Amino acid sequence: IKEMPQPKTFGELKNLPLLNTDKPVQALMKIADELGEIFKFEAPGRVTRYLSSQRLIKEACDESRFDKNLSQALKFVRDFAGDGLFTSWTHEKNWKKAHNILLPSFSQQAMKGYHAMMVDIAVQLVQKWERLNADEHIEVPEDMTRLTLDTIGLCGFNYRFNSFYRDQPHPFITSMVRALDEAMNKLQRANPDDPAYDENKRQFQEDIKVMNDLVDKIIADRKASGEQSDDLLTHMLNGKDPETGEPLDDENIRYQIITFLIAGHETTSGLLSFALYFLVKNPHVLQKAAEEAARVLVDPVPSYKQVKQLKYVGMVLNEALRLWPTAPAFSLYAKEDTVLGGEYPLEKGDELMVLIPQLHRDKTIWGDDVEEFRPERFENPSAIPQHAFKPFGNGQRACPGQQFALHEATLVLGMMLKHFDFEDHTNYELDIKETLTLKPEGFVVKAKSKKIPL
């Protein structure tokens, strides 16, 4: 029975000032690198434990022993995302009800239905880039966010955000990004009700009104047409949970729309951003992915079947998620008193944080080359131990949009590599921006068209 390490303390504030930063996950990664596979983190009237090893995370992922906890982060997001699927407790009635109602939105028949809509946004991306003038660059995260928001708007809610008709971000994006920012900046706050934050509170309320105003328009736009387009919104409004036999109420649908708009695009945006960063910094890997794109995508328009054939683009995406899982943490609580790792006594209700990027750098699982971008690690998926790769969370609270996100990413990266040569013309220094989620900031490239018609 061993005692956990703890990082430096600041008296009465304990460990809290260590999150006094705009890059908390990255600061916690540096702490995990010092203290190893587990550490205690204390704030006034709080303790959590940060897990970094596959040895401890495969236990934490035992659904008989631990359930999804809401971090302070998710508890702050809940102020706008409510009891939607991401910010609900497993024991709230609306969790299982929604989960039951909304999973058929992710059947293979639904995916084949979304494909054509994904191609619609992807073509708008290729055309934007084909239409640039000589020596104009691409703002990569800004453009990936144009695609991913448009794609979830169209696929989920048959709503066009028309992001590629704006040179500024969609107002929804500006309000979402600053909501997630305030959620993150609250974490570090010793004195949250200090009137020096009275502004932040009013800006947070304003940002929630924007997000709800757009929800009103999505719902009005559908109750007008009355479609039943076999999409996410159809099930939200018309699906009965087979357990309770009940449909979702109006208040829960609103939270589900907020939830699917944010979770349905932001992290896929980061994935494509990171995937393109690694490709330009690793030209052998870029060329192998570009060769696959050119050989497989023989038609002006990618087919569902042809996206399924892009194994190497898939491996690029998994490898990008290994190094920078874009939802970089999930929280758990002990269902009962139990012993973690035959070493760490935990009391019932005790919080765990899974530090996904440290997990993904566990040298006892991945070998001593953990920092290198080597998609070939994923050629043979069986060789990856249970619970080593967790970018999509765990068990029944795992990502329901996992196949959607990677189908989108694979389609769009395939089309990107097919149609352009990329140049890291600034020699970009990775700068990872944290809004709870992760994304490269200031990442720009030049794309020389290969002139392949569309």
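Start at 1 with the first residue shown and count on from there.
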- Task: Averaging the C-alpha B factors as listed in the entry, name the stretch that ends up higher: 118-126 or 241-249.
- Result: 241-249
- Task: Taking the mean of the C-alpha B-factors per stretch from the entry, tell me the winner out of 218-226 and 284-292.
- Result: 218-226
- Going by the CA temperature factor in the entry, name the top one among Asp143, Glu199, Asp362, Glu92. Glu199
- In the PDB entry, which of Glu139, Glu266, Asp150, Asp181 has its C-alpha at the highest B-factor? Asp181
- Thinking about Cα B factors across the chain, which third does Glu34 belong to? highest
- Note on the structure: Split the chain's modelled residues into thirds by Cα B-factor; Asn212 lands in the highest
- Should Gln309 be placed in the lowest, middle or highest third of its chain by the C-alpha B factor in the entry? middle
- Query: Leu261: which third of its chain by C-alpha temperature factor?
  - Reply: lowest
- Task: Taking the values exactly as deposited, rank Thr338 by C-alpha B-factor within its chain and report the matching third: lowest, middle or highest.
- Result: highest
